[PDB]
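Protein chains: 2
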Amino acid sequence: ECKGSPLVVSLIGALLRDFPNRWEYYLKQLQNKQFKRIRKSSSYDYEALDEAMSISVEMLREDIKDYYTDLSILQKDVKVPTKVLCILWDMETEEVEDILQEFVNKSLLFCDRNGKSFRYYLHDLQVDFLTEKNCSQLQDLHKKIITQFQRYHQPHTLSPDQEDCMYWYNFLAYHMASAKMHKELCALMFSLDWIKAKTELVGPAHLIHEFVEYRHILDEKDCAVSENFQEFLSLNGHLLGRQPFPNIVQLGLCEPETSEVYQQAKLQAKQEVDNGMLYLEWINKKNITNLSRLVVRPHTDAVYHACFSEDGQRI
Amino acid sequence: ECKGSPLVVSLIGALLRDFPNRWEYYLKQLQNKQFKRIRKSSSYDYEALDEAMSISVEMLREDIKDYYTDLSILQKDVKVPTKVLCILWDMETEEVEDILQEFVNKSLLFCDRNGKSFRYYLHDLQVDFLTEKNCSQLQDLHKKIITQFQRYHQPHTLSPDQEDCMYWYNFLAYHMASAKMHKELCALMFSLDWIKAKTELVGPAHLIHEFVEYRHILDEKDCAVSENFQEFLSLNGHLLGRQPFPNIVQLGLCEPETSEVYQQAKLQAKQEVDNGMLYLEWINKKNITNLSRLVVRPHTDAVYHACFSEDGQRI
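First to last, the protein sequences are chains A and C. Each residue of the first sequence is one higher than the one before, starting from 316 at the first, in the authors' numbering. Each residue of the second sequence is one higher than the one before, starting from 316 at the first, in the authors' numbering.
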């Protein structure tokens with residue numbers, strides 16, 4: 316938790332000198348992520364680590380000051396391509412970099428000179444302070460970024476070449492969740508074609524991870540839809556990644572029951588059918604296949620051994 | 316672009332230390348001609364080059380201060396004969412020089428002791444600052460100078476001996492354009508006799524250059540008139556300059572169609588005819604001559620070789 320801010324270590328450390336017994340307490344306290352709990356009088360000039368950050372924020376000229384807060388939304392550990400910052404700001408790129416350069420000097424946002432591209436990012440402490448001091452706004456802004464992206468690229472209108480897009484796959488999903496807009500979340504994550512492109516360069520793991528987050532966000536009834544989709548994924552992992560991304564629209568019409576995943580497939584098939592494509596219907600599914608919960612291909616080359624983590628968290 | 320103001324070079328140079336990647340950007344930026352974009356904190360006492368000039372302008376006594384702005388209109392690279400400044404000012408010559416002498420001391424307008432004549436002129440940076448700080452006025456003033464010239468010499472009333480006149484050929488054409496007065500522009504540039512005098516000491520190239528500028532300024536329909544005139548020029552270059560400036564009024568009645576150039580010629584011819592001059596009409600033009608787009612005589616002495624610029628811009 317300390318993340319090497321020796322100020323936190325001395326701050327925890329002294330704090331412990333008084334109460335050797337309450338050892339776990341502060342552990343869970345930093346697990347809490349609030350630094351208001353930790354305080355010590357010290358040679359250092361501030362009660363606490365939260366105390367230091369507040370002093371840094373004030374100096375910025377009023378025009379700059381508002382912008383930092385937008386900067387609040389960004390993940391603890393994402394080096395975002397400059398563009399997305401351009402989009403949220405809606406301000407031209409040559410200009411946008413320079414304000415950020417001023418920040419980096421303020422040492423409030425670390426630089427990343429990777430090639431022409433720049434990824435700026437924060438310390439875990441810097442991020443935590445932000446939520447500590449900007450939390451009420453953040454839910455509100457979470458809806459601001461999305462609308463701006465809507466004023467530009469649509470998710471289907473997204474492209475492989477654009478630098479920002481992967482952030483957009485990987486995390487756009489993320490913003491809508493904070494937004495708390497579930498219908499919009501349906502407008503994005505549900506879209507099977509979005510799944511197609513995401514599985515094209517992302518792979519079929521990120522979507523599953525998103526789905527677990529997804530389940531709380533929307534509705535229990537949909538959760539079943541998510542359950543149907545996860546069931547649709549079980550068949551995806553084994554051969555889906557290879558390359559010849561077999562026309563899923565055709566391999567999809569294999570699920571049972573109906574749910575929302577199957578309903579989508581039949582209609583798509585009907586649409587395909589009049590045009591052509593010679594899809595063959597399958598009539599025995601309910602009579603066949605005892606489905607496995609999951610399948611993995613780690614290697615194009617034959618497997619020789621595998622082992623569980625002792626924790627069981629990984630293999 | 317820098318023009319050797321080491322302040323600009325250091326200013327660009329430091330500016331680049333931070334962002335080695337955005338190299339072209341500032342190139343086009345200075346191509347823009349605005350210096351508000353370039354800024355660096357520096358040992359030097361000003362954010363930017365625009366910043367320095369503003370400091371110089373303020374000192375001048377209020378009576379002088381208004382005058383400088385008039386000085387704004389002058390080309391980046393023209394050494395104007397003092398007189399034209401007298402005309403715009405409408406203030407007597409012995410007096411006019413001295414205020415300018417005070418400027419030269421203010422180092423805001425370089426001196427030119429060429430003979431009795433004086434041509435004052437500016438640095439490219441000095442000129443750029445002016446438009447940067449006086450642009451709204453400039454369109455307005457552009458109409459002020461012309462009216463004053465009207466209170467004095469008419470373009471036909473212009474003479475070869477007068478010192479100012481060549482500036483008047485070369486650039487009077489220029490002022491009317493800013494003026495945005497197109498009917499007045501017709502009152503000047505169209506006048507064939509004005510073309511005659513201009514081609515008498517200027518040569519037949521400046522007018523062509525003016526015409527390209529001319530086309531945007533007026534009307535598309537006239538543009539055709541300009542197209543007809545340029546076509547009338549195609550025949551001008553080859554033999555027109557020599558000396559015996561053959562009575563154009565007679566050699567003019569050769570164009571085809573009609574346009575505005577031919578219409579002028581027939582009437583002129585009719586006017587000449589009653590008096591005399593024994594002009595011979597030509598009845599076969601539409602039946603004869605496949606006109607070349609352009610003709611050049613560079614030398615009275617036989618040509619031996621010629622070559623295109625690799626860029627193709629010149630020969």
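Yeah, the Cβ is synthetic: ideal placement off N, Cα and C, and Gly gets one too.
8 Å CB neighbourhood of residue i in its chain, flanking five on each side removed
i	result
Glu499(C)	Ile461 and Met491
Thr446(C)	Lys348, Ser387 and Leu453
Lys513(C)	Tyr484, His521 and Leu522
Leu503(C)	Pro470, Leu487, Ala488, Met491 and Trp509
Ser357(C)	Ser325, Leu326 and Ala329
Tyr359(C)	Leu322 and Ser325
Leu568(C)	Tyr577, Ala580, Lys581, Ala584, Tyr594, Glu596 and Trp597
As assigned by DSSP and simplified to three states, the class of residue i
i	result
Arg434(C)	strand
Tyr340(C)	helix
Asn485(C)	helix
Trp509(A)	helix
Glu570(A)	coil
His471(C)	coil
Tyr619(A)	coil
residue 640(C)	This structure gives no information on residue 640(C), because the portion of chain C shown stretches from 316 to 630.
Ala363(C)	coil
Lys495(A)	coil
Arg608(A)	coil
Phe444(C)	helix
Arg557(C)	coil
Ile630(C)	coil
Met368(C)	helix
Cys317(C)	coil
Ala520(C)	coil
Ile353(A)	coil
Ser541(C)	helix
Sheet register partners of residue i (DSSP bridge)
i	result
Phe425(C)	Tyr436(C)
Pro396(A)	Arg434(A)
Pairwise C-alpha distance: residue j and residue i
i	j	result
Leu364(C)	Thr397(C)	29 Å
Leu548(C)	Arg530(C)	16 Å
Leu330(C)	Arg354(C)	7 Å
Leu516(A)	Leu342(A)	39 Å
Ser369(A)	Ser451(A)	17 Å
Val411(A)	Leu403(A)	11 Å
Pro559(A)	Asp378(A)	52 Å
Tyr577(C)	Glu535(C)	18 Å
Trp509(C)	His620(C)	35 Å
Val588(A)	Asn602(A)	25 Å
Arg466(C)	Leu415(C)	23 Å
residue 690(A)	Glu316(C)	Given a span of 316 to 630 for chain A in the structure shown, any question on residue 690(A) remains unanswerable.
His468(A)	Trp597(A)	38 Å
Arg337(C)	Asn429(A)	14 Å
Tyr482(C)	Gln441(C)	21 Å
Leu606(A)	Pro335(A)	54 Å
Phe444(A)	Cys426(A)	19 Å
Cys538(C)	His524(C)	14 Å
Cutoff 6 Å; reference residue i; Cβ partners in own chain excluding five residues on either side
i	result
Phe418(C)	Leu424
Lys431(A)	none
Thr408(C)	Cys401
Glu572(A)	none
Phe623(A)	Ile630
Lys421(A)	none
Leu326(C)	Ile353 and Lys355
Other residues of its chain near residue i: CB distance less than 7 Å, five sequence neighbours each side excluded
i	result
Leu507(A)	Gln579
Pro561(C)	none
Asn551(A)	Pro519
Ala494(A)	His457, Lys458 and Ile461
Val618(A)	none
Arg608(A)	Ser549
Check: residue i C-beta below 7 Å from any heavy atom of the ligand ZN
i	result
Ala363(A)	Absence of the ligand ZN is noted for the structure shown, with no ligands found whatsoever.
Subject >> Members of the stretch 418-436 of chain A that neighbour chain C once the beta carbon cut-off is set at 8 Å >> reply: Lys431
**OP:** Closer than 7 Å, Cβ to Cβ, to anything on chain A: give me those residues from the stretch 340-351 of chain C, in chain order.
**Re:** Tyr340
Original post:
Looking at chain C, which residues of the stretch 516-540 of chain A have a Cβ within less than 7 Å of any of its Cβ atoms?
Top reply: none
**OP:** Please list the residues of the stretch 543-563 of chain C that have a C-beta atom closer than 8 Å to any C-beta atom in chain A, keeping them in chain order.
**Re:** none
Subject >> Against chain C: residues of the stretch 589-605 of chain A by CB proximity under 8 Å >> reply: none
Original post:
Closer than 8 Å, Cβ to any Cβ of chain C: which residues of the stretch 465-493 of chain A, in chain order?
Top reply: none
Subject >> Contact residues within the stretch 319-338 of chain C, judged by C-beta distance below 8 Å to chain A >> reply: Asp333, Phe334, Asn336 and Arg337
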